[PDB]
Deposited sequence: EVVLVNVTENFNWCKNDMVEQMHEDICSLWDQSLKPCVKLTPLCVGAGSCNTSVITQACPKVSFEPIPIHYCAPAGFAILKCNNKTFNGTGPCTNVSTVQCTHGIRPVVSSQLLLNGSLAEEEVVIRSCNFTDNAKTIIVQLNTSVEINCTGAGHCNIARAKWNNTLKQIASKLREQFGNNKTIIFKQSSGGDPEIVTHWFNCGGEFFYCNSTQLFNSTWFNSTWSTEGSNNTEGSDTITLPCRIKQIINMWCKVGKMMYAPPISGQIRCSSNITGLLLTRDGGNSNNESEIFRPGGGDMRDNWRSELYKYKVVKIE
């Protein structure tokens, strides 16, 4: 668990995708909660933070270089047996309660030129998102506005300084993809994120109200199928559950059909469900005991 330098090691979060070795059944990501419910559900479930522990004969190398795109060489390395817990366990579009970037807003991808790969954004200034039982999440418009301005600025830096950066709503065949879908404990929020992703930046005139209110549907997990990976839901007729997180980053995919050579279009969400996991796993690499 200790850390020392003077030994360089090569990393590549792409070739060594380590969520690719975290494929255990859904019924083991949840344990039955014994929380004295003393209105109540018969059985309740709690999520266990997502993490990876190195099996015997193997160790996990952790790159401690703060600003690190995930690939290339790494000087400051350390040895651990487990990666750091990821919470929340699902998060489709926004990334909450993650680690903030040092001084700079950082974006990364396995291949920026390949629109198939997810773009993972890491902010340096957290944006609060307060959600309630009444079925809505709130985000300060001024703070989100500045966030997009900083993100669009980095995206330009990656795709060319004279590119107009356009944010559009998700496109997909399920609410888990289309909405910002995340869990705060055993309560799952499906939030309409159209309002967060409906702007264009730096076209010809770019150099609403007080708060952005996202409508959200809330479901409570009450069971699941183990060999199928299917969750089972019920309305939270339990009452009003509150949840406040920090937006610390986000997932984007870039459009491949865009006929405008002067713009790039980005939509919220990744190309894979476990992309939220990947946003937190770029500094690790599994190796054999030396």
Next item on the list: Note down, first to last, the deposited-sequence stretches for which the model contains no C-alpha atom.
Entry: 39-57, 227-234
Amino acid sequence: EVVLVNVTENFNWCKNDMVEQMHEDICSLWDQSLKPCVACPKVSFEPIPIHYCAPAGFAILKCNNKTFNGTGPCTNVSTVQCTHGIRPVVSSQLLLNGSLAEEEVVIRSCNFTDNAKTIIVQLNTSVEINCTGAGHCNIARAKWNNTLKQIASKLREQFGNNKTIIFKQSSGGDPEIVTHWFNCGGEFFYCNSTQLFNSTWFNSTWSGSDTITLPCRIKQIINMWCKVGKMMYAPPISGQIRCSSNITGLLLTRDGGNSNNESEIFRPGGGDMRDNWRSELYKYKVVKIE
From here on, numbers count along this sequence of modelled residues.
Item checked: Given 133-141 and 162-170, the range whose Cα B-factors average higher in the PDB entry -> 133-141
Next item on the list: Would you tell me which stretch averages the higher CA B-factor in the PDB entry, 76-84 or 120-128?
Entry: 76-84
Next item on the list: In terms of CA temperature factor as recorded, identify the highest of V38, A234, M231, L252.
Entry: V38
Checklist line | Deposited CA B-factor, highest of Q93, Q150, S207, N115 | finding: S207
Note to self: Using the temperature factors of the C-alpha atoms in this entry, rank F266 within its chain: lowest, middle or highest third.
What the structure shows: lowest
Notebook entry, point to check: Comparing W277 with the other modelled residues of its chain, is its CA B-factor in the lowest, middle or highest third?
Noted result: lowest
Next item on the list: Could you tell me which third, lowest, middle or highest, the C-alpha B-factor of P49 occupies within its chain?
Entry: middle
Check: Against its chain's modelled residues, does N146's Cα B factor rank lowest, middle or highest third?
Finding: middle
Item checked: Assigned third (lowest, middle, highest) for the C-alpha B factor of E176 -> lowest
